[PDB]
Every structure is written in C-alpha cells, then in structure tokens.
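If you read the protein sequences in the order shown, they are chains B, J, A, I and E. FYI, in the authors' numbering the residues of the first sequence are 512 to 546, 569 to 664. FYI, in the authors' numbering the residues of the second sequence are 512 to 546, 569 to 664. FYI, in the authors' numbering the residues of the third sequence are 32 to 139, 148 to 309, 312 to 321, 321A, 322 to 358, 360 to 398, 400 to 409, 411 to 505. FYI, in the authors' numbering the residues of the fourth sequence are 194 to 245. FYI, in the authors' numbering the residues of the fifth sequence are 135 to 139, 148 to 193. All residues carry an ideal CB built from backbone N, CA and C; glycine is no exception. One structure is given below, encoded as structure tokens.
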Amino acid sequence: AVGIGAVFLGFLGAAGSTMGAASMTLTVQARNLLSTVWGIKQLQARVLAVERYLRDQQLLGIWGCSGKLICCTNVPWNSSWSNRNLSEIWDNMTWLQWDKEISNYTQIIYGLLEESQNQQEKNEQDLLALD
Amino acid sequence: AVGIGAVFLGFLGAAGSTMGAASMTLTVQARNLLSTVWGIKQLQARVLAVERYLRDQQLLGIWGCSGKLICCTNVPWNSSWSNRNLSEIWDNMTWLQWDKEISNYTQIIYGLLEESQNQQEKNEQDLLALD
Amino acid sequence: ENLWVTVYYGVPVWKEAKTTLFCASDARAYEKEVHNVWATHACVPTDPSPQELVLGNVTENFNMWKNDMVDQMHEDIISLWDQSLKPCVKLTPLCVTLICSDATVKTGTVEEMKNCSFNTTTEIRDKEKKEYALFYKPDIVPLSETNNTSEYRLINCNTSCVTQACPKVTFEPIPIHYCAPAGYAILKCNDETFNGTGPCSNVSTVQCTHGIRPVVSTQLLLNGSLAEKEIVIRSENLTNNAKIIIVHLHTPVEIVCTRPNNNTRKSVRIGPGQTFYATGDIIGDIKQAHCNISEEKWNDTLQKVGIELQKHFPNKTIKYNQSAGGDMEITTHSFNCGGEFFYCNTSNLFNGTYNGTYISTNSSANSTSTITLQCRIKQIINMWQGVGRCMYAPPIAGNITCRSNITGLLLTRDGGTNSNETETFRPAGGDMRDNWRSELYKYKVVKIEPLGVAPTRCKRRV
Amino acid sequence: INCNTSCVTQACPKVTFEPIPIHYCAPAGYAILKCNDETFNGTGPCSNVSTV
Amino acid sequence: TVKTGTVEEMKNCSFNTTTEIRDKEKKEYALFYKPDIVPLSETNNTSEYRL
Ligand SMILES: *[C@@H]1O[C@H](CO)[C@@H](O[C@@H]2O[C@H](CO)[C@@H](O[C@@H]3O[C@H](CO)[C@@H](O)[C@H](O)[C@@H]3O)[C@H](O)[C@H]2NC(C)=O)[C@H](O)[C@H]1NC(C)=O
Ligand SMILES: *[C@@H]1O[C@H](CO)[C@@H](O[C@@H]2O[C@H](CO)[C@@H](O[C@@H]3O[C@H](CO)[C@@H](O)[C@H](O)[C@@H]3O)[C@H](O)[C@H]2NC(C)=O)[C@H](O)[C@H]1NC(C)=O
Ligand SMILES: *[C@@H]1O[C@H](CO)[C@@H](O[C@@H]2O[C@H](CO)[C@@H](O)[C@H](O)[C@H]2NC(C)=O)[C@H](O)[C@H]1NC(C)=O
Ligand SMILES: *[C@@H]1O[C@H](CO)[C@@H](O[C@@H]2O[C@H](CO)[C@@H](O)[C@H](O)[C@H]2NC(C)=O)[C@H](O)[C@H]1NC(C)=O
Ligand SMILES: *[C@@H]1O[C@H](CO)[C@@H](O[C@@H]2O[C@H](CO)[C@@H](O)[C@H](O)[C@H]2NC(C)=O)[C@H](O)[C@H]1NC(C)=O
Ligand SMILES: *[C@@H]1O[C@H](CO)[C@@H](O[C@@H]2O[C@H](CO)[C@@H](O)[C@H](O)[C@H]2NC(C)=O)[C@H](O)[C@H]1NC(C)=O
Ligand SMILES: *[C@@H]1O[C@H](CO)[C@@H](O[C@@H]2O[C@H](CO)[C@@H](O)[C@H](O)[C@H]2NC(C)=O)[C@H](O)[C@H]1NC(C)=O
Ligand SMILES: *[C@@H]1O[C@H](CO)[C@@H](O[C@@H]2O[C@H](CO)[C@@H](O)[C@H](O)[C@H]2NC(C)=O)[C@H](O)[C@H]1NC(C)=O
Ligand SMILES: *[C@@H]1O[C@H](CO)[C@@H](O)[C@H](O)[C@H]1NC(C)=O
Ligand SMILES: *[C@@H]1O[C@H](CO)[C@@H](O)[C@H](O)[C@H]1NC(C)=O
Ligand SMILES: *[C@@H]1O[C@H](CO)[C@@H](O)[C@H](O)[C@H]1NC(C)=O
Ligand SMILES: *[C@@H]1O[C@H](CO)[C@@H](O)[C@H](O)[C@H]1NC(C)=O
Ligand SMILES: *[C@@H]1O[C@H](CO)[C@@H](O)[C@H](O)[C@H]1NC(C)=O
Ligand SMILES: *[C@@H]1O[C@H](CO)[C@@H](O)[C@H](O)[C@H]1NC(C)=O
Ligand SMILES: *[C@@H]1O[C@H](CO)[C@@H](O)[C@H](O)[C@H]1NC(C)=O
Ligand SMILES: *[C@@H]1O[C@H](CO)[C@@H](O)[C@H](O)[C@H]1NC(C)=O
Ligand SMILES: *[C@@H]1O[C@H](CO)[C@@H](O)[C@H](O)[C@H]1NC(C)=O
Ligand SMILES: *[C@@H]1O[C@H](CO)[C@@H](O)[C@H](O)[C@H]1NC(C)=O
Ligand SMILES: *[C@@H]1O[C@H](CO)[C@@H](O)[C@H](O)[C@H]1NC(C)=O
C-alpha cells in the first residue's frame, strides 16, 4: 500500500481502493492538513483549520495513543453493531461506504475507549509501587 | 553542554560553539518559541507564529519520533552527500556553516525517513499477531 | 481470532459542508497599479498547478442548483463593488435644474443627445458659473408640473448617490482562481454527458480550481468556457414556466460591436477639487452605435440548438418571439466594453422556427452577408440591487471597439397553451448568479474527515 | 492657499506630537541582532554581534 | 391649533427648507413638543425659534 511514493495528492489518492489497500501512505496523506476587510475571512479560515486539527488530536491523546497512523486497543469489538464477517468488510469495502454503516455507533465506542484508558493507568500505579 | 543553567536567551546563547558543545540545553531553548485596524497586524503575527510551530511538529510526528530534543533513526547515512569525516564536522563546525552545506539534500532525507517509518509499523503488526 | 477495535488516522471520507474560498490570481496581475484591477490590492498570487488527479472508482451526486459557491461569488463581487466606490466619492451638484436645447454639432445635429446648459458652483463657495455638457437622451427626465421643455433634471437624482467612477480603474474581467484552505478538497465532475445531477463516475480531485471570468452579462453570454463536443441544454423543471434554461454551445460565433468618434472628455472641477468628466463636443460626423454578427454561423448554430432541444420534446415545434416588453434594462441586451455601456436590440437574431426539417446552408458562396443590430449608450448604471447601483460613468477618449466569442444563451419558455405545438422561447434576464452558476457547476467542495474506526483482530499488548 | 486643492481639516486641541520613544519588539520565532562594531563601515563582517 | 380646539404642549412651526433640487426652498410645517424648542433670540422675539 506504499508503491505510489510520489504523493502530493493527500488521502484522496487512495480513494476507491479497498481498506486493506490503504493501510500505508498515511504519512504524506496527513501532512496535507496543515501546509481591507477581506483579511478577516482570509484569517478566520486559518484559525478554524487549526481548531479542527487539535480537537481531532485531543481524541487520540485523550484515550492514550501515539503513532497517529494506527492505534489498536484492548476493548473487545461488540458484534451487535455489524454482525458481519471481518474479511468481507475489510477486503470488499473501501473507506467510503464503511463510514456510512459505522457512523451511528461512534459515540458508544469513544465512551468505552475512555473508560478503558483510566483502568489501565491506575493498574500501572499498583504494579509500579511494587518495585 | 548544560553548565549555563540561567537560560533566558534561547538557542542564541549557544551560537558559535561546536555542534557537540550544544547537544544539551535544548529544553529552555525550545521554550522561547511560544511564550483600531492595528489589531489586525497584532493578531496576524500570533496566528502565523503558531502555524510555523505545528508544521515543524508534524515533520517530527509524521516519521515517528517523540522526545523532540534528539531523534535517531535507522536509515543509513549516504556518504555521497558529504564524503567527509564525522569527527571533523562534529567538533570543528558549529551549526551555522553546517546548515549551509547540508541544506541542498534535506528533501531527499525527509523522503527516506517517511518510507522507513511505514516499513517499521507494518513489521510490528506481523510480530504482534504472533502472540 | 477474536475482534477488537482499531482507530485509523488518514481515512478518505467526504462530507458535504459550507465554507468560504480563497481568492488568488496569476503573478502578472500583481505588478500593476493598485485597484487596476481590484485583484492587485485584494488577492494573493498562486500557482495554477498541480496536476488534476483522477480517482480509481467512486460515485458522486452533484447538483447544479444546490451549491453555495455560486452565491458566495455573488456576495464577494457585490461586496467589492461597494468597497471600490468608498474612496472615490462625489456628492456635489449635477442635480440643479438643467435647461436644455436640441443638441447641435459643428457638422449638423444629433437626435439622441441633448446639450444642457448648467448652473454650478465655482471652486469658491461664493459664486456660481455657467457651463455646458452633453448627455444621452434616456438619462434626463423633464421634471415639471407642466410641459416646460426648458426645465430638466438628471434622471438619477430621483433618489440619490450620483457618485463617479475613478479614471484610473478598469473592469476587465481578470480571471480569478478559487482555492480551498487545508482540510477541504475540491471535486470536479468530468462526465460530459452529465445531465445536471446524480452519479458522476469520472470524478477527479483538485486542491485549487480553474480560471473564472467575472463578466457581467444578460441574455447572451460573452467570453467564457467552451463545450466539449456538441450543444448541451440544461434545465430544472421544463414543465414549469418560471424557470430559466441554459444552452451551452460548441461554436463560438464571432461578434463585434463599436461606436463612432467623440472629441474629448471635458474636465470640470466642482468645489474642493472634485474633478469629473463629461461628454463634450463630437467631431466629425455622427453615426451608430451598433453590433455585427456573422449570419451563416448564427444560422446553423441556432438550428443545432433545435436538433438537441428536440430530444426532450416528441413532435412539438420551437418558436422565437421578442421578450416580454418592459423598460430597456429588461428587454434590451446590456454589456460593457472599454468602460462604455451599450443596450442593444436583438430582433434580428430570434425570429424564425424549427420543425425538424434541418437545412444546412451551403456552399459558402458569400460570407459577406451578416446581421446588424442597433444599440444605445447610457451613463447611469443601476447594476445590482443593494450594491449602491448608482454609478455615473465617465466617457472615454475616442472611437473604441470590442470583439467577443459568445458561448451560451439564457432562454425561457413562454407559458402558452391551447394546443401549443409551436412553443416559443423568449429572451429573459435574471440574476448574475445564473450566469456564474453556468460557469461553476463543475466544482464542489467537501470536508475531509480523517479519523475512522474499523474492526480487526489486532490487540494492544498490556 | 490650501484651497487650491482641498482637505482644509484641523488638528485637535487635545493632542501633542511630542516624539514619545517607541520600542520595536519581535514576535516569537524571530530574533533581533545588533552590531556593536563602532568602526562598522556600512556593510560586511560584524564580529561583536549581540542578540536581542 | 387643531381641528377640534387647541393644544398647549405642542407648537405648530412653519419651516423654510430645500426641495429635492438644491436650487429652491419650499414651505412646510410640522408640530413639535414644547420642551424641544428654544427661542434663540437677542430679545423677546416670539416668532424666531430654533430646534
Ligand atoms: C437559415 O437559413 C435558412 C435557409 O433555409 C433559412 O431558411 C428559410 O427560413 C425562412 C424563415 O424560417 C423561411 O421562410 C418562412 O417560411 C415559413 C413557412 O415554411 C413561413 O411561415 C415564414 O413566414 C417564412 O416565410 C424560408 O422558407 C426558409 N428558406 C429560405 C431559403 O428562405 C432559415 O430560416 C435561416 N435561419 C432562421 C432564422 O430560420
Ligand atoms: C478607431 O476607429 C478606427 C475606425 O473604426 C478604427 O480603425 C480601424 O481599425 C479596424 C480594426 O483594426 C480596422 O480594420 C482592420 O485593420 C487591420 C489593421 O492591421 C487589418 O489587419 C484588418 O484586417 C482590418 O483591415 C480598420 O480598417 C481601421 N482603420 C484604420 C484607419 O486603420 C480603430 O480601430 C479605432 N479604435 C481606436 C482606439 O483607434
Ligand atoms: C452647447 O450649448 C452651449 C451654450 O450655448 C454652447 O456654448 C457656447 O457656444 C458658443 C458657440 O460655440 C459660444 O459663442 C459660447 O461662448 C459658448 N458658451 C460658453 C459658456 O462657452 C455650446 O457650443 C453648445 N455645444 C454643443 C455641442 O451643442
Ligand atoms: C422618481 O421616482 C418615481 C418612482 O419611485 C418615478 O415616478 C414615476 O415616473 C415614471 C416615469 O419616469 C412613471 O412610469 C411612473 O408611473 C411614475 N411613478 C412610479 C410608480 O414610478 C419618477 O419618475 C422618478 N423621477 C423623478 C421624480 O425625478
Ligand atoms: C437527469 O437524469 C435524471 C435521472 O438520472 C432525471 O431524473 C428524472 O427525475 C424525475 C422525478 O420524478 C423522474 O420522474 C424521472 O423518471 C427521472 N428520469 C428517469 C429516467 O427516471 C433528470 O430529469 C435528468 N435531468 C434533466 C433535467 O435532464
Ligand atoms: C493651484 O494649483 C496650481 C498648480 O497645481 C497653481 O498654479 C501655479 O501657481 C504658482 C504660483 O502660485 C505658479 O508658480 C505656477 O507656475 C502655476 N502653475 C503651476 C504649474 O503651478 C496655483 O497657484 C494654485 N493656486 C490656486 C489656483 O489657488
Ligand atoms: C566598507 O568597506 C567595504 C569593504 O569591506 C568597502 O567595499 C569596497 O567595495 C568596492 C566595490 O567595487 C571595491 O571595489 C573596493 O575595493 C571595496 N574596498 C576594498 C578595500 O576592497 C566599502 O566601500 C566600504 N564602505 C564605505 C562606503 O566606506
Ligand atoms: C400649522 O400651520 C400651517 C401653516 O399655516 C397650517 O398649514 C396650512 O393650513 C391651512 C388650513 O389648514 C391651509 O389653508 C394651508 O394651505 C396650509 N399650508 C400649507 C403650506 O399647506 C397647518 O394647518 C397648521 N396645522 C396645525 C395642526 O396647526
Ligand atoms: C476499481 O476497482 C477495482 C477492483 O479490483 C480495482 O482493481 C481498480 O484498481 C479500481 N480502480 C482503479 C482504476 O484502480
Ligand atoms: C446660473 O448661474 C449663473 C452664474 O452667473 C447665475 O448668475 C444664475 O442666476 C444661475 N441661474 C441663472 C438664472 O442663470
Ligand atoms: C476521465 O477524464 C480524463 C480526463 O483526461 C480522461 O482523460 C479519461 O478518459 C476519462 N475517463 C476515462 C474512462 O477514460
Ligand atoms: C473577451 O475577451 C476579449 C479578448 O481579449 C476581451 O477583449 C474582451 O473584453 C472579453 N470580453 C468582454 C466581455 O470584455
Ligand atoms: C417539476 O419537476 C418535478 C420533477 O419532475 C415534478 O415533480 C413537478 O411536478 C414539476 N413541477 C410541477 C409543479 O409539476
Ligand atoms: C409574439 O407575440 C405576438 C403577440 O401579438 C404575436 O403577434 C407575434 O406573432 C408573436 N410571434 C412573433 C412571430 O412575433
Ligand atoms: C427593438 O427593435 C425592433 C427592431 O428595431 C424594433 O422593432 C423595436 O421597436 C425595438 N424596441 C423594442 C424595445 O422592442
Ligand atoms: C424576421 O424574419 C423575417 C424573414 O423574412 C424578416 O423578413 C423580418 O425582417 C425579421 N423581422 C421581423 C419583423 O420579423
Ligand atoms: C475565439 O475562439 C477562437 C478559436 O480558435 C480562439 O482562437 C480565440 O482565442 C477565441 N478568442 C477569444 C478572445 O476567446
Ligand atoms: C563587544 O561589545 C560589548 C558591549 O559592552 C563590549 O563591552 C565588548 O568589549 C565588545 N567586545 C570586546 C572585544 O570586548
Ligand atoms: C422660506 O422659504 C421660502 C420658499 O419660497 C422662501 O421664499 C423664503 O424667503 C424663506 N423664508 C421666508 C422669508 O419665507
């Protein structure tokens, strides 16, 4: 998923391919997010573009992850959201239509991830105080 | 490279010394980056100062590093850029004139670092799925 | 085996949203004088590149008449027009009772202008002085309680705002690029058979769009983009009578307009240095005020319109009648060239029919036969409702010409009935939005949602 | 004399144009350099360079 | 004065204004409340008032 190399097109260069086929190239893709009275609209665009970026970063930083590309966690997947085969979704669907199916339960997942993060940090403190 | 202690001068307090002699003190040095119609220019300066900082942070975050001070990687150094002795450059030159020699091949190095990062993350996934 | 949840950063998902755009222009337009044109003082240079990127598969649903970008252009152009007249203001007379007589010239007389004796203030607010200037007949109204043919008043003063444009600005339609800030992307539908809405499939992505020309225009559209291969006819309801239909032509048909010589622009100063210009005498003889259009190009172009329009209609005929009356701002075609404004009458263009019996006119035995139209020249412009549409235009130095490459038509169908198998089209005007909507239908802007979640067998090591 | 052109405006009787000293600071990300060489002859290699 | 009697708290004041054309003045009238008009005069001239 890295054979393009010459990437100046952002995430949009992989659209339409399978989700498995886009597991890489996320480096350059992410980079494209940041690179008279008229000055008021010209300025406002720059400030809100930053505000969007940081809030997305908070979501990753809140529940304990770095290495923005891919973050796995320990919360088990509740099959009641899809009841579908993994390989069928992962190889047949691209990111486009996948979003339109999981976009209803996003808030549920965010909550569980936050709870899990607190459980782990405290667990570390007990194991730290042993040494 | 840490004997100053009283650092309220930023990076500029170490200029002229050898690159080896400035390997530390980067903590306080980095801190100095962030600490009517006239309001328009007064505001614009603050927003562009932030925009400069984050894009530099992206470059570090894109190819997988934290601990902003010093980041070593696994890409081998291609001697065709310098063909010079390490100790000669590292002890005789300060950062000033060093930049003026390596500033031509910066884009090449950034590309290789990005490719290396993707290779490592995927390698982890295979070794993760073994356990 | 078991499944857990993984979050991904960098996922290509698009969503619809409203935002603003970036104004930019080519570098050769920024080394000129300030406000010559407004882009020089207003926008930022950019690169017309990168390379348009075509997507693997994807399916998208554009809609010409559901797009905020078009209204945004309208707001920007109206806003900048008002801002351009703030540092260039006149408040002085030009409203005093004007005494007038039949306009005469060194070689004869003229019927379309009047020579009007004035009553103004000198540079010192103690004295009035005598003066004269010439004006076009349609911009002066005989304000009187009776038939007093010696008491006239400048048409515009019924309300206000007689302001004057600067003699150092030009309204040449410099092309404008629309870019989007980071976090968004622009999509372009390349399907030339695209019939207004629904599943585009050749969808390319762009970071910054193509050139567009801010031309003010009515029924006949002047410089612009070209069609790909053949005539394209867009429409909304068709059935319904109150809608406007867009006809995109694969011509272009040559058209040229001109006017005769004038002597100069008298420089008159009122009070504290408020210089203004007015049309003075005219040398030598006096003529029109006309536009020329090649006949043989017009003929087959107007016929080709029939062969494509008949795609939606079974066995019904196309007819062409004059516009629904009203004053000149509605029926007559208005456009700008070289700082002058013309209002032309198009009777000789839209008279005829098409019944399916297509007749190609051959051979090109005589290309000299052309069509000719009459025009008028105003000076009070009432362009846009809410922009301070009150500009008093100055005249310019001598005889000027204008050559244009006419690309499309704005038509509307008459609301006829009683076995109307001879459906007729009238010329109709409309908001400038409709012209820019015809130029800007290819482009849409969406939001990037870079975060996504998917199931996987991966798990975090404790 | 002034009315040949315009703008006869009048200054306020509550303002003064005393040259109050002004400081020039730079926002973060930049720095100011000051050349202390009193024999500095307009251009070229300063060596007593301080930072501000 | 009013069609049915008079009023003590207002005055009817004859005006001297400019027409829509800056060449002529015209006659007009409006009514005002007593406390918003002051008799600007050097003497007891009850026929010269100012807003
Ligand atoms: C383009 O050139 C062609 C040459 O064929 C024109 O064809 C001529 O068009 C006129 C006007 O449509 C025709 O005369 C008319 O005949 C109809 C009845 O069929 C009648 O109702 C009208 O009053 C008029 O007399 C004419 O017969 C036809 N042929 C020639 C040689 O004149 C065509 O009209 C031109 N473009 C336009 C505007 O149609
Ligand atoms: C002022 O008025 C004169 C008269 O309308 C205009 O001069 C004329 O310009 C037109 C357009 O150039 C001439 O037609 C063409 O001339 C070109 C010249 O190279 C020739 O290449 C063409 O095939 C055709 O002959 C027209 O004959 C000409 N007359 C003269 C005396 O040259 C002029 O354009 C007007 N505009 C200004 C601002 O001067
Ligand atoms: C427009 O009317 C004015 C008013 O008469 C004319 O101005 C006078 O022209 C005559 C002859 O050219 C001179 O004797 C006068 O001295 C002019 N008056 C002033 C105030 O200069 C003018 O000629 C007319 N112009 C046109 C084109 O009709
Ligand atoms: C001032 O404005 C009024 C309208 O706001 C104009 O009055 C009309 O005059 C036109 C012809 O000029 C007539 O067709 C209309 O019937 C009249 N009334 C209306 C409703 O417009 C008037 O012409 C304007 N001109 C002045 C008074 O200088
Ligand atoms: C463009 O094509 C679409 C279909 O892709 C046309 O949609 C029509 O929509 C009306 C709404 O009731 C339907 O009743 C028609 O049946 C649709 N067409 C078909 C074949 O189903 C749309 O009109 C076309 N646009 C134009 C104006 O050409
Ligand atoms: C108005 O301005 C003009 C110049 O813009 C002045 O005209 C000159 O007057 C001076 C003396 O006052 C002469 O030396 C010049 O030769 C005249 N012409 C020029 C080119 O300046 C005029 O004085 C000004 N004063 C007025 C008219 O009130
Ligand atoms: C300041 O010193 C510099 C040299 O440090 C002078 O530079 C001169 O530049 C011209 C350009 O052709 C040379 O030809 C001279 O030979 C230079 N001087 C020497 C000694 O080489 C510069 O002029 C001095 N500035 C002033 C104006 O004092
Ligand atoms: C206010 O004073 C004016 C001035 O006389 C009155 O206006 C006149 O009223 C009379 C009778 O109503 C008319 O004959 C005149 O034609 C009016 N003058 C004008 C210029 O129209 C007015 O009636 C007074 N109004 C009040 C309420 O006192
Ligand atoms: C369209 O989908 C197919 C599925 O195999 C894919 O192979 C093809 O590469 C996609 N589009 C393009 C042109 O890549
Ligand atoms: C016109 O202006 C002149 C300047 O002399 C002034 O005398 C005159 O009264 C004004 N109107 C008439 C009546 O000419
Ligand atoms: C899509 O558009 C591009 C634009 O050049 C075109 O070249 C291509 O042919 C179109 N798609 C197909 C199916 O070829
Ligand atoms: C069309 O382009 C031409 C060619 O330069 C320019 O002359 C003309 O002004 C533009 N047309 C209009 C509407 O002015
Ligand atoms: C306009 O078009 C829509 C779609 O065909 C149709 O439903 C509607 O009936 C048309 N207008 C009217 C008022 O019929
Ligand atoms: C346009 O409508 C008028 C109404 O009388 C009609 O007389 C005329 O013939 C129509 N069509 C043409 C050919 O002008
Ligand atoms: C328009 O032109 C035609 C041809 O000169 C003429 O018959 C008609 O009176 C003109 N006026 C309008 C506004 O129709
Ligand atoms: C309309 O077309 C006919 C074709 O003969 C032409 O005679 C007439 O001048 C044109 N104008 C009118 C009034 O129809
Ligand atoms: C008009 O179309 C022709 C076709 O060759 C083109 O060469 C010319 O540039 C166009 N003129 C303008 C000014 O658009
Ligand atoms: C450099 O400038 C400082 C300013 O006080 C001065 O004290 C010092 O003497 C100068 N450098 C040298 C060589 O002393
Ligand atoms: C009031 O206005 C009128 C309008 O005729 C004017 O004639 C008059 O002199 C002004 N003052 C007086 C004295 O009425």
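Go to residue 500 of chain A, then tell me how far its alpha helix (DSSP H) extends in each direction, as first and last residue.
Here residue 500 of chain A belongs to no alpha helix (DSSP H), and DSSP marks it neither H nor E.
Residues of chain A with a CB under 8 angstroms from the CB of residue 662 of chain J: which are they?
Correct list: 500 and 501.
For residue 133 of chain A, which three-state DSSP category applies?
In the structure shown, residue 133 of chain A sits in a strand (DSSP, three-state: E or B).
Below 9 angstroms between beta carbons is the criterion; list the residues of the segment 152 to 174 of chain E that meet it against any residue of chain A, in chain order.
Under the 9 angstroms Cβ criterion, the segment 152 to 174 of chain E contributes 162, 163, 164, 165 and 166.
With 7 angstroms as the threshold, decide whether the Cβ of residue 513 of chain B is near any Cβ in chain J.
Residue 513 of chain B counts as touching chain J.
Just checking residue 87 of chain A against ligand 9 - is the residue's beta carbon closer than 6 angstroms to any of the ligand's heavy atoms?
Correct: residue 87 of chain A has its Cβ closer than 6 angstroms to ligand 9.
Check whether chain B comes within 7 angstroms of residue 595 of chain J, counting only Cβ atoms and requiring the distance to be less than that.
Yes, because at least one Cβ of chain B sits closer than 7 angstroms to the Cβ of residue 595 of chain J.
Does the beta-carbon of residue 208 of chain A, which I'm using as the reference point, lie nearer than 6 angstroms to any heavy atom of ligand 12?
Because no heavy atom of ligand 12 lies under 6 angstroms away, the Cβ of residue 208 of chain A does not count as near it: no.
Could you check whether the Cβ of residue 40 of chain A sits closer than 7 angstroms to any Cβ belonging to chain B?
Yes, because at least one Cβ of chain B sits closer than 7 angstroms to the Cβ of residue 40 of chain A.
Beta-carbon of residue 450 of chain A versus every beta-carbon of chain E: anything under 7 angstroms?
Closer than 7 angstroms: no.
Taking C-beta pairs closer than 8 angstroms, name the residues in chain J that residue 572 of chain B reaches, listed in chain order.
Neighbours of residue 572 of chain B on chain J, chain order: 573 and 577.
Look at the alpha carbon of residue 537 of chain J and the alpha carbon of residue 522 of chain J, and state the distance between them as a whole number of angstroms.
Their Cα atoms are separated by approximately 7 angstroms.
With a CB to CB cut of under 7 angstroms and the five nearest residues on each side skipped, what residues in its chain are close to residue 252 of chain A?
Hits under 7 angstroms: 212, 214, 262 and 263.
Using alpha carbons as the reference points, say which of B:648, B:636 and B:627 lies closest to residue 715 of chain B.
Residue 715 of chain B lies beyond the residue range present for chain B, which begins at 512 and ends at 664; the question has no answer from this structure.
Span of the beta strand (DSSP E) holding residue 152 of chain E?
Residues 152 to 160.
Tell me the rounded alpha-carbon separation between residue 165 of chain E and residue 154 of chain E.
Their Cα atoms are separated by approximately 26 angstroms.
Just checking residue 197 of chain I against ligand 6 - is the residue's beta carbon closer than 6 angstroms to any of the ligand's heavy atoms?
Checking the Cβ of residue 197 of chain I against ligand 6 gives yes.
Are the beta-carbon atoms of residue 614 of chain B and residue 647 of chain B separated by less than 7 angstroms?
Not closer than 7 angstroms, so no.
Using a Cβ-Cβ distance cut-off of 7 angstroms, determine whether residue 204 of chain I contacts chain J.
Answer no: the Cβ-Cβ gap between residue 204 of chain I and chain J never drops below 7 angstroms.
So, at 7 angstroms on beta carbons, what are the nonlocal neighbours of residue 551 of chain A in its own chain, with the 5 sequence-adjacent residues on each side left out?
In the structure as shown, chain A starts at 32 and stops at 505, and residue 551 of chain A therefore has no counterpart that could be examined.
DSSP beta-bridge partners for residue 453 of chain A?
According to DSSP, residue 453 of chain A bridges with A:285.
Quick one: any contact between the segment 464 to 472 of chain A and the segment 571 to 590 of chain B, if contact means 3 or more CB pairs under 8 angstroms?
Not touching, per the Cβ criterion.
Can the beta-carbon of residue 41 of chain A be found less than 7 angstroms from the beta-carbon of residue 541 of chain B?
It is a contact, given that the beta carbons lie within the stated cut-off.
Can you tell me which residues form a DSSP beta bridge with residue 203 of chain A?
A:435, per the DSSP bridge assignment.
I need the boundaries of the alpha helix (DSSP H) containing residue 649 of chain B, first residue and last residue.
Looking at the DSSP string, the run of the alpha helix (DSSP H) that includes residue 649 of chain B is 639 to 663.
Give every residue of the same chain whose Cβ lies closer than 8 angstroms to the Cβ of residue 209 of chain A, excluding the five residues on either side of it in the sequence, and list them in chain order.
Only 67, 68 and 380 meet the Cβ criterion.
Anything with a beta carbon under 7 angstroms from a heavy atom of ligand 15 counts; list them all in chain order.
Cβ atoms closer than 7 angstroms to ligand 15 belong to A:363, A:369, A:372, A:373, A:386, A:388 and A:417.
Can you pull the chain J residues whose beta carbon is under 8 angstroms from the beta carbon of residue 542 of chain B, in chain order?
Chain J residues near residue 542 of chain B: 591 and 595.
So for residue 415 of chain A, helix, strand or coil by DSSP?
Of the three classes helix, strand and coil, the one that applies to residue 415 of chain A here is strand, per DSSP.
Name the chain B residues whose beta carbon is nearer than 8 angstroms to that of residue 599 of chain J?
What residue 599 of chain J touches in chain B: 599.
Can you pull the chain A residues whose beta carbon is under 7 angstroms from the beta carbon of residue 527 of chain B, in chain order?
Near residue 527 of chain B (Cβ distances below 7 angstroms), the residues of chain A are 86, 87, 88 and 89.
Please list the residues of the segment 183 to 205 of chain A that have a C-beta atom closer than 9 angstroms to any C-beta atom in chain E, keeping them in chain order.
Cβ contacts with chain E come from 192, 196 and 197.
Should residue 401 of chain A be listed as close to ligand 1, given that the test is whether its C-beta is under 6 angstroms from any heavy atom?
The answer is yes for residue 401 of chain A.
For a quick check, are the C-beta atoms of residue 415 of chain A and residue 330 of chain A less than 7 angstroms apart?
Their beta carbons are under 7 angstroms apart, which means residue 415 of chain A touches residue 330 of chain A by this criterion.
Going along the chain, which residues of the segment 624 to 651 of chain J sit with their C-beta nearer than 8 angstroms to a C-beta in chain A?
Here the close residues number zero.
Is residue 61 of chain A helix, strand or coil by DSSP?
Here residue 61 of chain A sits in coil by DSSP.
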